[PDB]
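Structure data (PDB, C-alpha atoms and all ligand atoms) from coords_15.pdb:
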ATOM      1  CA  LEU A   7     -13.732 110.794-134.460  1.00  0.00           C
ATOM      2  CA  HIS A   8     -15.665 111.348-137.737  1.00  0.00           C
ATOM      3  CA  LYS A   9     -15.090 113.699-140.705  1.00  0.00           C
ATOM      4  CA  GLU A  10     -18.234 115.641-141.732  1.00  0.00           C
ATOM      5  CA  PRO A  11     -18.837 117.744-144.829  1.00  0.00           C
ATOM      6  CA  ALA A  12     -18.612 121.530-145.014  1.00  0.00           C
ATOM      7  CA  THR A  13     -18.051 124.170-147.687  1.00  0.00           C
ATOM      8  CA  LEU A  14     -15.841 127.236-147.476  1.00  0.00           C
ATOM      9  CA  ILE A  15     -17.682 130.535-147.128  1.00  0.00           C
ATOM     10  CA  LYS A  16     -14.498 132.578-146.622  1.00  0.00           C
ATOM     11  CA  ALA A  17     -11.013 132.585-145.183  1.00  0.00           C
ATOM     12  CA  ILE A  18     -10.615 134.777-142.111  1.00  0.00           C
ATOM     13  CA  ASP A  19      -7.132 134.312-140.567  1.00  0.00           C
ATOM     14  CA  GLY A  20      -4.559 131.630-139.643  1.00  0.00           C
ATOM     15  CA  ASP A  21      -6.723 129.735-137.118  1.00  0.00           C
ATOM     16  CA  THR A  22     -10.333 130.815-137.959  1.00  0.00           C
ATOM     17  CA  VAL A  23     -12.380 130.149-141.092  1.00  0.00           C
ATOM     18  CA  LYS A  24     -16.045 130.654-142.038  1.00  0.00           C
ATOM     19  CA  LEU A  25     -17.642 127.417-143.251  1.00  0.00           C
ATOM     20  CA  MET A  26     -21.111 126.210-144.084  1.00  0.00           C
ATOM     21  CA  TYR A  27     -21.792 123.223-141.783  1.00  0.00           C
ATOM     22  CA  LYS A  28     -25.162 121.365-141.910  1.00  0.00           C
ATOM     23  CA  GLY A  29     -26.251 124.233-144.191  1.00  0.00           C
ATOM     24  CA  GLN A  30     -25.547 127.032-141.624  1.00  0.00           C
ATOM     25  CA  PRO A  31     -22.773 129.672-141.701  1.00  0.00           C
ATOM     26  CA  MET A  32     -20.328 129.230-138.789  1.00  0.00           C
ATOM     27  CA  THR A  33     -16.945 130.605-137.767  1.00  0.00           C
ATOM     28  CA  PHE A  34     -14.656 127.667-136.853  1.00  0.00           C
ATOM     29  CA  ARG A  35     -11.685 128.071-134.494  1.00  0.00           C
ATOM     30  CA  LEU A  36      -8.999 125.424-135.159  1.00  0.00           C
ATOM     31  CA  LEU A  37      -8.518 123.065-132.160  1.00  0.00           C
ATOM     32  CA  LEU A  38      -5.128 122.815-130.394  1.00  0.00           C
ATOM     33  CA  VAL A  39      -3.336 125.738-132.145  1.00  0.00           C
ATOM     34  CA  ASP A  40      -2.403 129.373-131.632  1.00  0.00           C
ATOM     35  CA  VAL A  41      -1.323 131.443-134.675  1.00  0.00           C
ATOM     36  CA  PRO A  42       0.296 134.818-134.110  1.00  0.00           C
ATOM     37  CA  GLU A  43      -1.880 137.926-134.487  1.00  0.00           C
ATOM     38  CA  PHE A  50      -1.850 139.621-137.947  1.00  0.00           C
ATOM     39  CA  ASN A  51       0.379 142.443-136.495  1.00  0.00           C
ATOM     40  CA  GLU A  52       2.773 139.899-134.889  1.00  0.00           C
ATOM     41  CA  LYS A  53       5.658 138.165-136.698  1.00  0.00           C
ATOM     42  CA  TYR A  54       4.331 135.343-139.009  1.00  0.00           C
ATOM     43  CA  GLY A  55       0.678 136.530-138.490  1.00  0.00           C
ATOM     44  CA  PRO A  56       0.202 137.480-142.173  1.00  0.00           C
ATOM     45  CA  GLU A  57       2.087 134.336-143.377  1.00  0.00           C
ATOM     46  CA  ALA A  58      -0.174 132.089-141.184  1.00  0.00           C
ATOM     47  CA  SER A  59      -3.339 133.814-142.569  1.00  0.00           C
ATOM     48  CA  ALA A  60      -2.027 133.361-146.141  1.00  0.00           C
ATOM     49  CA  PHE A  61      -1.164 129.677-145.487  1.00  0.00           C
ATOM     50  CA  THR A  62      -4.647 128.787-144.139  1.00  0.00           C
ATOM     51  CA  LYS A  63      -6.367 130.905-146.872  1.00  0.00           C
ATOM     52  CA  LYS A  64      -4.556 129.023-149.664  1.00  0.00           C
ATOM     53  CA  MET A  65      -5.143 125.590-148.105  1.00  0.00           C
ATOM     54  CA  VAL A  66      -8.941 126.124-147.719  1.00  0.00           C
ATOM     55  CA  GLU A  67      -9.511 128.095-151.001  1.00  0.00           C
ATOM     56  CA  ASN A  68      -7.578 125.489-153.126  1.00  0.00           C
ATOM     57  CA  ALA A  69      -9.402 122.509-151.462  1.00  0.00           C
ATOM     58  CA  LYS A  70     -11.952 120.519-153.533  1.00  0.00           C
ATOM     59  CA  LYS A  71     -13.338 119.013-150.288  1.00  0.00           C
ATOM     60  CA  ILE A  72     -13.418 120.693-146.855  1.00  0.00           C
ATOM     61  CA  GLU A  73     -14.285 118.494-143.841  1.00  0.00           C
ATOM     62  CA  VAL A  74     -14.953 119.247-140.163  1.00  0.00           C
ATOM     63  CA  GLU A  75     -13.981 116.777-137.436  1.00  0.00           C
ATOM     64  CA  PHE A  76     -15.284 117.509-133.943  1.00  0.00           C
ATOM     65  CA  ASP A  77     -13.443 116.108-130.936  1.00  0.00           C
ATOM     66  CA  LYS A  78     -15.179 114.369-127.974  1.00  0.00           C
ATOM     67  CA  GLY A  79     -15.791 117.538-125.887  1.00  0.00           C
ATOM     68  CA  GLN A  80     -17.157 121.065-126.359  1.00  0.00           C
ATOM     69  CA  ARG A  81     -18.131 121.748-130.030  1.00  0.00           C
ATOM     70  CA  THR A  82     -18.575 125.540-129.641  1.00  0.00           C
ATOM     71  CA  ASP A  83     -16.586 128.043-127.571  1.00  0.00           C
ATOM     72  CA  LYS A  84     -17.953 130.906-125.469  1.00  0.00           C
ATOM     73  CA  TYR A  85     -17.969 133.151-128.641  1.00  0.00           C
ATOM     74  CA  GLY A  86     -20.123 130.605-130.572  1.00  0.00           C
ATOM     75  CA  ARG A  87     -17.173 129.557-132.758  1.00  0.00           C
ATOM     76  CA  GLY A  88     -17.154 125.906-133.804  1.00  0.00           C
ATOM     77  CA  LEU A  89     -14.157 123.986-132.359  1.00  0.00           C
ATOM     78  CA  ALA A  90     -12.878 121.382-134.808  1.00  0.00           C
ATOM     79  CA  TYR A  91     -10.065 119.853-136.796  1.00  0.00           C
ATOM     80  CA  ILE A  92     -10.407 121.138-140.377  1.00  0.00           C
ATOM     81  CA  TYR A  93      -9.304 119.040-143.378  1.00  0.00           C
ATOM     82  CA  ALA A  94      -8.505 120.271-146.916  1.00  0.00           C
ATOM     83  CA  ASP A  95      -8.577 117.336-149.394  1.00  0.00           C
ATOM     84  CA  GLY A  96      -7.816 114.964-146.448  1.00  0.00           C
ATOM     85  CA  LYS A  97      -4.915 117.125-145.091  1.00  0.00           C
ATOM     86  CA  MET A  98      -5.469 118.559-141.592  1.00  0.00           C
ATOM     87  CA  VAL A  99      -5.016 122.368-141.616  1.00  0.00           C
ATOM     88  CA  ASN A 100      -4.353 122.344-137.834  1.00  0.00           C
ATOM     89  CA  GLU A 101      -1.412 119.904-138.239  1.00  0.00           C
ATOM     90  CA  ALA A 102      -0.033 121.607-141.396  1.00  0.00           C
ATOM     91  CA  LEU A 103       0.149 125.038-139.652  1.00  0.00           C
ATOM     92  CA  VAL A 104       2.092 123.503-136.744  1.00  0.00           C
ATOM     93  CA  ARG A 105       4.359 121.462-139.092  1.00  0.00           C
ATOM     94  CA  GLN A 106       5.299 124.686-140.970  1.00  0.00           C
ATOM     95  CA  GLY A 107       6.102 126.644-137.732  1.00  0.00           C
ATOM     96  CA  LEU A 108       3.118 129.023-138.383  1.00  0.00           C
ATOM     97  CA  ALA A 109       1.263 127.907-135.215  1.00  0.00           C
ATOM     98  CA  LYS A 110       2.138 126.692-131.723  1.00  0.00           C
ATOM     99  CA  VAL A 111       0.325 123.792-130.045  1.00  0.00           C
ATOM    100  CA  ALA A 112      -1.911 125.563-127.505  1.00  0.00           C
ATOM    101  CA  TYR A 113      -5.316 125.546-125.765  1.00  0.00           C
ATOM    102  CA  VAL A 114      -5.063 121.825-124.965  1.00  0.00           C
ATOM    103  CA  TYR A 115      -8.209 121.245-122.852  1.00  0.00           C
ATOM    104  CA  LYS A 116      -9.005 117.766-121.416  1.00  0.00           C
ATOM    105  CA  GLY A 117     -11.514 115.852-123.617  1.00  0.00           C
ATOM    106  CA  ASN A 118     -10.857 117.936-126.805  1.00  0.00           C
ATOM    107  CA  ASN A 119      -7.259 116.747-127.216  1.00  0.00           C
ATOM    108  CA  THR A 120      -7.461 113.622-129.479  1.00  0.00           C
ATOM    109  CA  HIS A 121      -4.809 114.933-131.938  1.00  0.00           C
ATOM    110  CA  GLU A 122      -2.501 116.527-129.290  1.00  0.00           C
ATOM    111  CA  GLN A 123       0.381 114.063-129.738  1.00  0.00           C
ATOM    112  CA  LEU A 124       0.119 114.227-133.573  1.00  0.00           C
ATOM    113  CA  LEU A 125       0.422 118.039-133.414  1.00  0.00           C
ATOM    114  CA  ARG A 126       3.227 117.998-130.780  1.00  0.00           C
ATOM    115  CA  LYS A 127       5.254 115.736-133.109  1.00  0.00           C
ATOM    116  CA  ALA A 128       4.707 118.244-135.946  1.00  0.00           C
ATOM    117  CA  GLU A 129       5.825 121.112-133.635  1.00  0.00           C
ATOM    118  CA  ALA A 130       9.009 119.203-132.675  1.00  0.00           C
ATOM    119  CA  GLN A 131       9.826 118.725-136.395  1.00  0.00           C
ATOM    120  CA  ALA A 132       9.114 122.425-137.217  1.00  0.00           C
ATOM    121  CA  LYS A 133      11.310 123.484-134.244  1.00  0.00           C
ATOM    122  CA  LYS A 134      14.152 121.123-135.315  1.00  0.00           C
ATOM    123  CA  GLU A 135      14.015 122.640-138.871  1.00  0.00           C
ATOM    124  CA  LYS A 136      13.990 126.189-137.280  1.00  0.00           C
ATOM    125  CA  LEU A 137      10.913 127.029-139.436  1.00  0.00           C
ATOM    126  CA  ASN A 138       9.206 130.432-139.251  1.00  0.00           C
ATOM    127  CA  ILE A 139       8.260 131.083-135.553  1.00  0.00           C
ATOM    128  CA  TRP A 140      11.156 128.730-134.514  1.00  0.00           C
ATOM    129  CA  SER A 141      13.693 130.598-136.770  1.00  0.00           C
TER
HETATM  130  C1  LIG B   1      -8.908 127.104-129.348  1.00  0.00           C
HETATM  131  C2  LIG B   1      -9.866 127.382-128.188  1.00  0.00           C
HETATM  132  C3  LIG B   1     -10.103 128.681-127.769  1.00  0.00           C
HETATM  133  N1  LIG B   1     -10.992 128.957-126.759  1.00  0.00           N
HETATM  134  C4  LIG B   1     -11.129 130.337-126.262  1.00  0.00           C
HETATM  135  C5  LIG B   1     -10.116 130.547-125.128  1.00  0.00           C
HETATM  136  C6  LIG B   1      -9.642 131.962-125.367  1.00  0.00           C
HETATM  137  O1  LIG B   1     -10.423 132.818-124.518  1.00  0.00           O
HETATM  138  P1  LIG B   1     -10.111 134.411-124.362  1.00  0.00           P
HETATM  139  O2  LIG B   1     -10.800 135.037-125.569  1.00  0.00           O
HETATM  140  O3  LIG B   1     -10.859 134.766-123.093  1.00  0.00           O
HETATM  141  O4  LIG B   1      -8.644 134.584-124.404  1.00  0.00           O
HETATM  142  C7  LIG B   1      -9.940 132.263-126.833  1.00  0.00           C
HETATM  143  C8  LIG B   1      -8.667 132.182-127.645  1.00  0.00           C
HETATM  144  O5  LIG B   1      -9.012 132.222-129.032  1.00  0.00           O
HETATM  145  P2  LIG B   1      -8.168 133.134-130.051  1.00  0.00           P
HETATM  146  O6  LIG B   1      -6.717 132.656-130.039  1.00  0.00           O
HETATM  147  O7  LIG B   1      -8.880 132.964-131.379  1.00  0.00           O
HETATM  148  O8  LIG B   1      -8.246 134.564-129.559  1.00  0.00           O
HETATM  149  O9  LIG B   1     -10.788 131.237-127.279  1.00  0.00           O
HETATM  150  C9  LIG B   1     -11.698 127.904-126.131  1.00  0.00           C
HETATM  151  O10 LIG B   1     -12.485 128.129-125.165  1.00  0.00           O
HETATM  152  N2  LIG B   1     -11.534 126.640-126.564  1.00  0.00           N
HETATM  153  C10 LIG B   1     -10.612 126.330-127.520  1.00  0.00           C
HETATM  154  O11 LIG B   1     -10.470 125.135-127.845  1.00  0.00           O
END
Could you write out this structure as structure tokens?
Amino acid sequence: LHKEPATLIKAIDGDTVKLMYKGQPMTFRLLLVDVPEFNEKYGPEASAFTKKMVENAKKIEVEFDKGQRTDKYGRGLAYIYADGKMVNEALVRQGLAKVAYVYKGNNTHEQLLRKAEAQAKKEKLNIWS
């Protein structure tokens, strides 16, 4: 896979962010994760976590997987990086997201994220507390 440039337009919530990609505004949905809803336990903490990671980043990058690049809502499907750190992975490592929505052909980082989830669960972090 390849990292491509983007710039933050604005934080939205734990697993969606609005970025400028190839000069066009897009909502991106983070591949391979599910964050709780804002009104569910750890929803607000997941939003806050993603917000801080993307807002504090000097360099945002988008990495598409090998399959579908947009979902049925027109959201971009990607791995998002903040100064070389994957937001998708970081959410799961902190117990603020579950590995989820693992579709065949867009699952390159599945084992990386499952390892993060196993570490978060072992540490009883957040959703695993
Ligand atoms: C993460 C992801 C979500 N989706 C769709 C499936 C879900 O459909 P439904 O809306 O019909 O439930 C929805 C979940 O996203 P959210 O968790 O943002 O709601 O997004 C994909 O099609 N591909 C994906 O990779």
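With distances restricted to only C-alpha atoms and all ligand atoms, A:83 is the closest residue to ligand LIG 1 (chain B) from A:57, A:43, A:10, A:83.
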**OP:** Counting only C-alpha atoms and all ligand atoms, name the residues that have an atom within 8 Å of an atom of ligand LIG 1 (chain B); the answer should be given as a ChimeraX atom specification.
**Re:** /A:21-22,35-41,80,82-85,89,112-115,118
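Picture a line from atom CA of residue 94 of chain A to atom CA of residue 68 of chain A; it runs 8.2 Å.
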Using all atoms listed in the file, find each residue of segment 11-120 of chain A with at least one atom at most 8 Å away from an atom of segment 132-135 of chain A; report its shortest atom-to-atom pair and that distance in Å (one decimal), sort the rows by chain and rising residue number, and return the result as CSV.
residue,atom,partner,partner_atom,distance
A:104,CA,A:132,CA,7.1
A:105,CA,A:132,CA,5.2
A:106,CA,A:132,CA,5.8
A:107,CA,A:132,CA,5.2
I'd like to see the residues matched by the PyMOL selection byres (((chain A and resi 19) around 10) and not hetatm) on this file, and ideally I'd get them as an mmCIF file with C-alpha atoms, in the frame of the given file.
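out-v3.cif, freshly written:
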data_model
loop_
_atom_site.group_PDB
_atom_site.id
_atom_site.type_symbol
_atom_site.label_atom_id
_atom_site.label_comp_id
_atom_site.auth_asym_id
_atom_site.auth_seq_id
_atom_site.Cartn_x
_atom_site.Cartn_y
_atom_site.Cartn_z
ATOM 1 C CA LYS A 16 -14.498 132.578 -146.622
ATOM 2 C CA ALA A 17 -11.013 132.585 -145.183
ATOM 3 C CA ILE A 18 -10.615 134.777 -142.111
ATOM 4 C CA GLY A 20 -4.559 131.630 -139.643
ATOM 5 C CA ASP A 21 -6.723 129.735 -137.118
ATOM 6 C CA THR A 22 -10.333 130.815 -137.959
ATOM 7 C CA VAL A 23 -12.380 130.149 -141.092
ATOM 8 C CA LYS A 24 -16.045 130.654 -142.038
ATOM 9 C CA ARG A 35 -11.685 128.071 -134.494
ATOM 10 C CA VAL A 41 -1.323 131.443 -134.675
ATOM 11 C CA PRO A 42 0.296 134.818 -134.110
ATOM 12 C CA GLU A 43 -1.880 137.926 -134.487
ATOM 13 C CA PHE A 50 -1.850 139.621 -137.947
ATOM 14 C CA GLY A 55 0.678 136.530 -138.490
ATOM 15 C CA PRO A 56 0.202 137.480 -142.173
ATOM 16 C CA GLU A 57 2.087 134.336 -143.377
ATOM 17 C CA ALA A 58 -0.174 132.089 -141.184
ATOM 18 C CA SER A 59 -3.339 133.814 -142.569
ATOM 19 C CA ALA A 60 -2.027 133.361 -146.141
ATOM 20 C CA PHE A 61 -1.164 129.677 -145.487
ATOM 21 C CA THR A 62 -4.647 128.787 -144.139
ATOM 22 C CA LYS A 63 -6.367 130.905 -146.872
#
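Picture a line from atom CA of residue 97 of chain A to atom CA of residue 140 of chain A; it runs 22.5 Å.
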One decimal place gives the atom CA of residue 15 of chain A-atom CA of residue 111 of chain A separation as 25.7 Å
